[PDB]
Amino acid sequence: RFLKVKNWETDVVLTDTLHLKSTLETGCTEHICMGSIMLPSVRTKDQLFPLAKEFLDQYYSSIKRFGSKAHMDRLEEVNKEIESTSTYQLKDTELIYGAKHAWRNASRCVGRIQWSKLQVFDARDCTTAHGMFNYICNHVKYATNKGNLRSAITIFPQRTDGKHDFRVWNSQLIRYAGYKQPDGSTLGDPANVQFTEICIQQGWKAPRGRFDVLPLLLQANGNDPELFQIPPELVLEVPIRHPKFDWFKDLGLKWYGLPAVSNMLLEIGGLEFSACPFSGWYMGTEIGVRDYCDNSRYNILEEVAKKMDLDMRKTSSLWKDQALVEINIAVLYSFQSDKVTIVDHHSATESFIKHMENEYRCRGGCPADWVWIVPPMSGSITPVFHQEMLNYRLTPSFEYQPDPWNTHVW
Amino acid sequence: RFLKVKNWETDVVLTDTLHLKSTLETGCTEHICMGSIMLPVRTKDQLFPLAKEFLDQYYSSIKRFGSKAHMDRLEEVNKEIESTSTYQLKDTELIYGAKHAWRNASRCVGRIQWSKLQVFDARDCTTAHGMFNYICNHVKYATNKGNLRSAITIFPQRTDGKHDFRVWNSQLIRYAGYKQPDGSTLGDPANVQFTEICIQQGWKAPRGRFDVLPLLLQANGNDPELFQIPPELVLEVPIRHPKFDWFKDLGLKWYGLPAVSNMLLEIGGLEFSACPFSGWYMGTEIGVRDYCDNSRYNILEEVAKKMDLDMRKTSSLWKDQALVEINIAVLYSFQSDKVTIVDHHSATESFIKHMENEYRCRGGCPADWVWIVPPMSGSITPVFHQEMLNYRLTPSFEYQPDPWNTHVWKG
Ligand code: HEM
Ligand code: HEM
Ligand SMILES: Cc1cc(N)nc(CCc2cc(CCN)cc(F)c2F)c1
Ligand SMILES: Cc1cc(N)nc(CCc2cc(CCN)cc(F)c2F)c1
Ligand SMILES: C[C@H](O)[C@H](O)[C@H]1CNc2nc(N)[nH]c(=O)c2N1
Ligand SMILES: C[C@H](O)[C@H](O)[C@H]1CNc2nc(N)[nH]c(=O)c2N1
Ligand SMILES: [Zn+2]
């Protein structure tokens, strides 16, 4: 009930008491652990007020005014607003707090040492998809900051009846298109083949290239989604070169500077924000390990190993492993050269350990998903590999939600 | 009930029904996942249900469920439990049980081999000297001059918990570690405490970097006794690199035979507290964990020095670069000496094929993603992208306390 986590590299033991404030399910039971499952598969008036109460209780505790004059008045005011309107509206201060804590609670995020520095853009006055586009251009420009990346979230109006949802149809604000070739192969990003089709079906003029920045597909107020092209000059991209292999340029690789997730749902006080794009800066392995080397993505390992003249006949030569390191050297080198913020997996995981220790000391815990926190290369030489972690669900939270094309009454 | 796991690289979806036959706890609840946490005698009372469940599984596997042989055995074991408070396994049941404890080991990526286990029945052993003889023969058999063969040796089961057989070594073959007065460590830092016990028990330590530890063996709850494995039985591989001539001068070697000796084997409710088992290494166990953990031999710096990598900031990935070269040299060295070893690419590919086969023919394959995924290059192996369900099936291998923490010394 007062659980312990151990670091097996340093023998440091921390005691977790924050998990007793956990709420929703993990997907696990005493009979089966689902820790490696990627996704374990509107609010009536009752459901809504305790969620509001739990949130306002922790907000007012955080500002040292729990059980106080303003606390009771706010609880009473929101109660009245729910009885009347069957929902309520957050004060600006509560919305900023809720968003920073949604990030703080993201158990799959290794970069949470930064959680308190989030720039929150209140877009709750937006009414149309052209407005959403304007809000998102300003987000992209603020966050990019000429390569000195700054964390940001832009929060569009909350769900109401459920038929008037705001949605960003793109999974991320900035991603490359994917096209099926006539000969059967795939050009561009194979992960984005279906979404690219909906872009064309809704009218996109695809330039069928390999690194075509997809257009935004924005849905305001439950209406039909509309296409917009992000101003090219707002999309910072990095050509990938290697500090040793001059032939690395001829691979033609590039990637964008801004990781910006736009398909998640932000829950604060029982209220649901279905369109809440947020951005930070990349950890190098996201690009070089997953984006470039997954067999289901750009899958460049075999090409890179051939230019390195490695023995690709036997897996035990570790040729895949060697090329993988070099690819990830080049990504870091490229971003660092062009002065685009990026963090390597050693720096990011060391920061998370210090963040964990801070959260245990000052908060009593830190929910953490080891399966996602440990980087996809060189796992055991990063400090998080040796760190036991407890995973549990705290609110405010970012949650997955269904892809809108499977939901939208067109 | 059904449960589905997906492979996110291939979109293959498998359906788990075997989890319905799971038993003990995972440590998780609907409110917390303990999937990354490393760790967690019987009466006649709870024992016959455990025996019956096991015998039902045994007789089902041989297509004899409900047979007269099945019903007779259940009656026989029932009466033996009522009159003696325990029971003895037949040889055939012991072999079946040991194979299935391996098959059920959710942290083991090498389980494609589970049906080819050599089982050595040491239940007639009575003294530590007899344990030593059995373990030497296991080491010789399993080593097989480098053509390694999986084996397990099973010593007498627990009775009242005051007469346990135990192998005090966590593994049959391991190198000593010695803490120096200046705070540095010579040899394997993970073995400092066990080395100190051996020294206190009378072991004369060579005090080198790669000294094979002696066996410390406990029979029938008596005080443990020290034994030196004959050095001609301990096969070792000097580590060199196929391109770097200077690698041999690091002075590294490793033993060929991985043999776990601190775990408890549970079959049909019986507890075998001494059951050493051995297979062959996956390269990353040595080259990633043994050599490169900060808490182990920790050679990343030396190797990176001699490669003349840019060591000033971590974003040069000098650690990742040195890590790959070390694991190449381990694989190269074992293969050149014709000692069995498997790289993490081959091992994870085989495990996926094993897992898919188990879902087909058995309805599932319990698997611990946190342990299955190798400690380098995780996502370029196919297990990274495979969803896995973790649950406990018996027969099983379990952790048990270290004996020096529980042993009542005789003096
Ligand atoms: C500032 C630098 C940041 C770094 C270095 C970072 C790092 C990461 C990484 C490596 C992942 C794994 C993603 C994947 O493997 O697909 C992740 C996941 C995640 N991050 Fe962070 N992140 C940062 C900022 C943020 C911000 C600003 C937010 C929210 C305001 C956030 C929320 C999340 C969430 C919810 C996930 C889980 C995503 C999912 O389930 O797909 N991150 N982060
Ligand atoms: C035949 C070749 C084998 C290979 C390649 C193999 C591979 C592995 C590896 C790499 C690990 C993780 C070790 C660690 O990280 O400490 C492991 C764990 C394990 N293996 Fe296998 N293994 C083999 C044979 C066996 C056999 C013969 C048994 C039992 C009869 C077995 C049972 C287990 C168990 C119980 C674990 C979990 C150990 C723990 O919790 O510390 N393995 N295996
Ligand atoms: C805020 C943030 C920071 C960061 N460092 N990383 C991310 C994830 C980014 C991301 C993930 C995926 C796949 C998610 N399953 C595809 C993308 F195009 C993308 F940008 C988000
Ligand atoms: C049967 C078997 C096969 C294999 N391929 N691997 C193992 C693990 C072997 C092992 C693990 C550890 C660390 C345990 N946490 C230390 C050792 F000395 C050792 F031999 C066992
Ligand atoms: C804390 C974490 O569970 C611990 O470091 C685990 C992670 N995964 C592992 N995986 C394997 N194969 N072996 C290990 O010892 C560990 N250690
Ligand atoms: C099946 C498995 O859970 C899946 O491949 C996960 C593993 N860990 C991950 N970790 C991160 N950071 N991102 C991912 O997409 C995944 N994918
Ligand atoms: Zn779990």
Side-chain angles (χ1 to χ4, degrees), chain A residues 5-10 35 368 370-371 373-374 379-390, chain B residues 27 34-40 95 97-120 138 142 148-154 169-175 177 188 190-191 194 212-213 254-266 275-286 288-290 293 295-296 340-344 346-348 350-351 354 367-376 378 383 395-400:
Chain A
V5 293
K6 178 171 175 174
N7 179 299
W8 288 84
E9 182 191 351
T10 66
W370 192 105
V371 170
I373 297 282
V374 168
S380 75
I381 60 165
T382 71
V384 288
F385 179 98
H386 313 270
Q387 177 68 55
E388 290 179 339
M389 301 168 191
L390 294 164
Chain B
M34 305 219 314
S36 78
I37 306 299
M38 184 131 7
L39 320 170
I95 293 155
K99 283 171 184 209
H100 279 260
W102 187 4
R103 191 186 193 177
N104 299 340
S106 68
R107 296 181 160 176
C108 173
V109 70
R111 280 179 284 171
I112 195 180
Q113 294 283 343
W114 72 270
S115 67
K116 302 139 167 192
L117 180 60
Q118 180 56 47
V119 181
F120 292 118
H138 174 142
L148 270 46
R149 294 181 287 193
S150 303
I152 179 161
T153 295
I154 302 176
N169 318 52
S170 51
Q171 292 75 22
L172 298 183
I173 318 251
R174 281 211 90 162
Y175 299 119
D188 195 335
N191 296 322
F194 180 76
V212 176
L213 280 161
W254 205 252
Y255 48 89
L257 180 73
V260 166
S261 54
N262 58 1
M263 290 187 84
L264 182 147
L265 166 60
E266 183 187 318
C275 59
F277 56 86
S278 59
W280 52 80
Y281 266 115
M282 177 168 79
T284 50
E285 303 179 72
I286 313 168
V288 181
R289 308 299 315 283
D290 298 325
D293 275 12
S295 62
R296 303 291 308 281
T340 306
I341 193 167
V342 63
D343 61 79
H344 53 284
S346 166
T348 55
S350 296
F351 181 75
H354 170 70
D368 186 333
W369 191 103
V370 170
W371 273 60
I372 293 292
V373 176
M376 71 182 283
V383 290
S396 58
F397 290 109
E398 300 299 342
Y399 295 116
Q400 51 180 347

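Atom set for the values below is all heavy atoms of this structure, side chains included, hydrogens, waters and symmetry mates excluded. Convention: sequence-line order gives letters A, B, ...; per-chain numbering from 1. Both counts, for ligands and for their atoms, begin at 1 and track the order of listing.
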Undergrad: What residue and heavy atom of the protein are closest to atom 15 (O) of ligand 2, and at what distance?
TA: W371(B) CZ3, 3.6 Å

Undergrad: Tell me, which protein residue and heavy-atom name are nearest atom 5 (C) of ligand 2, and how many Å apart are they?
TA: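 For this ligand atom, the closest protein heavy atom is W280(B) O, 3.5 Å.
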
Undergrad: Checking a contact table here: which protein heavy atom is nearest atom 8 (N) of ligand 5, and how many Å away?
TA: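 So the nearest neighbour among protein heavy atoms is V370(B) O, 3.2 Å.
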
Undergrad: Specify the protein heavy atom at minimum distance from atom 21 (C) of ligand 4: its residue, its atom name, and the distance to 0.1 Å.
TA: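 Looking at atom 21 (C) of ligand 4, the protein heavy atom closest to it is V260(B) CG2, 3.7 Å.
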
Undergrad: Taking the six-membered ring for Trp, are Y175(B) and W254(B) parallel (under 30°), tilted (30 to 60°) or perpendicular (over 60°)?
TA: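 Correct class here is perpendicular.
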
Undergrad: Tell me whether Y281(B) has any N or O atom under 3.5 angstrom from an N or O of ligand 2.
TA: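 By distance alone, the answer is no.
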
Undergrad: Any donor-acceptor pair under 3.5 Å linking the side-chain atoms of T284(B) with those of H344(B)?
TA: no

Undergrad: So which atom in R296(B) and which in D290(B) form the shortest heavy-atom distance, rounded to 0.1 Å?
TA: NH1-OD1, 2.7 Å

Undergrad: What are the two closest heavy atoms between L148(B) and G279(B), and how far apart are they?
TA: CD2-O, 3.6 Å

Undergrad: Does any N or O of ligand 5 fall below 3.5 Å from an N or O anywhere on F385(A), backbone included?
TA: yes

Undergrad: With a cut-off of 4.0 Å, which atoms of ligand 2 are near a heavy atom of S150(B)?
TA: 1 (C)

Undergrad: What's the shortest distance from atom 7 (C) of ligand 5 to any protein heavy atom, and which residue and atom give it?
TA: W370(A) CZ2, 3.6 Å

Undergrad: Among protein heavy atoms, which sits nearest to atom 35 (C) of ligand 2, and what does the distance come to when rounded to 0.1 Å?
TA: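 The closest heavy atom on the protein side is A105(B) CB, 3.8 Å.
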
Undergrad: To the nearest 0.5 Å, tell me how far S295(B) OG sits from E9(A) CD.
TA: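 It is 6.0 Å, given to the nearest 0.5 Å.
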
Undergrad: Record the part of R289(B) in heavy-atom contact with ligand 4 below 4.0 Å; permitted values are side chain, backbone, both and neither.
TA: neither

Undergrad: Taking all heavy atoms of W280(B) and all of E285(B), pick out the closest pair and write down the distance.
TA: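 For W280(B) and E285(B), the tightest heavy-atom pair comes out as O-OE2, 4.4 Å.
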
Undergrad: Going by the order shown, which atoms of ligand 4 are within less than 4.0 Å of some heavy atom of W280(B)?
TA: 3 (C), 4 (C), 5 (N)

Undergrad: Do ligand 5 and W8(A) have nitrogen or oxygen atoms that lie under 3.5 Å from each other?
TA: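 N/O-N/O distance below 3.5 Å does not exist for this pair.
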
Undergrad: Tell me the protein heavy atom at minimum distance from atom 32 (C) of ligand 2, and give that distance in Å.
TA: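 Atom 32 (C) of ligand 2 sits closest to the protein heavy atom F277(B) CE1, 3.6 Å.
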
Undergrad: Give me the nearest non-hydrogen protein atom to atom 13 (C) of ligand 2 as residue plus atom name, then the distance to 0.1 Å.
TA: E285(B) OE1, 3.6 Å

Undergrad: So, the side chain of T348(B) versus the backbone of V383(B): is there a donor-acceptor pair under 3.5 Å, distance only?
TA: no

Undergrad: Evaluate the ring planes of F397(B) and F277(B), with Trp represented by its six-membered ring, and classify them as parallel (under 30°), tilted (30 to 60°) or perpendicular (over 60°).
TA: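 Geometry flag for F277(B) against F397(B): tilted rings.
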
Undergrad: Kindly identify the option in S278(B), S106(B), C108(B), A101(B) whose heavy atom sits closest to atom 19 (C) of ligand 2.
TA: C108(B)

Undergrad: For ligand 5, which is the ligand I care about here, please tell me if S36(B) has any N or O atom under 3.5 Å from one of the ligand's N or O atoms.
TA: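 Looking only at distances, the answer is yes, because the N/O contact criterion of under 3.5 Å is met.
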
Undergrad: Nearest protein heavy atom to atom 5 (N) of ligand 4: under 4.0 Å?
TA: yes

Undergrad: Please confirm whether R289(B) comes within less than 3.5 Å of ligand 5 when only nitrogen or oxygen atoms on both sides are compared.
TA: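 By distance alone, the answer is yes.
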
Undergrad: What is the distance from atom OG1 of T340(B) to atom CZ of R149(B), rounded to the nearest 0.5 Å?
TA: 10.5 Å

Undergrad: What protein heavy atom is closest to atom 39 (C) of ligand 2, reported as residue, atom name and distance in Å?
TA: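 Protein heavy atom at minimum distance: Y399(B) OH, 3.1 Å.
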
Undergrad: In the protein, what heavy atom is nearest to atom 12 (N) of ligand 5, and what distance, to one decimal place, separates them?
TA: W371(B) O, 3.1 Å

Undergrad: Answer side chain, backbone, both or neither: which part of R289(B) comes under 4.0 Å from ligand 2, heavy atoms only.
TA: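 Neither part.
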
Undergrad: Check each atom of ligand 4 against the heavy atoms of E285(B) and keep those under 4.0 Å away; list them by number with element.
TA: 4 (C), 5 (N), 6 (N), 7 (C), 8 (C), 9 (C)

Undergrad: Report the part of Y255(B) (side chain from C-beta onward, or backbone N, CA, C, O) that has a heavy atom under 4.0 Å from ligand 4; answer both or neither where that applies.
TA: side chain

Undergrad: For atom 1 (C) of ligand 4, grab the closest protein heavy atom and report residue, atom and distance to one decimal in Å.
TA: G279(B) N, 3.5 Å

Undergrad: What protein heavy atom is closest to atom 12 (C) of ligand 4, reported as residue, atom name and distance in Å?
TA: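 That would be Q171(B) NE2, 3.8 Å.
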
Undergrad: For atom 26 (C) of ligand 2, what's the nearest protein heavy atom and its distance?
TA: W102(B) CE2, 3.3 Å

Undergrad: Write out the residue and atom name of the closest protein heavy atom to atom 15 (N) of ligand 4, then the distance separating them to 0.1 Å.
TA: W371(B) CH2, 4.6 Å

Undergrad: Under a 4.0 Å heavy-atom limit, does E388(A) contact ligand 5 with its side chain, its backbone, both, or neither?
TA: both

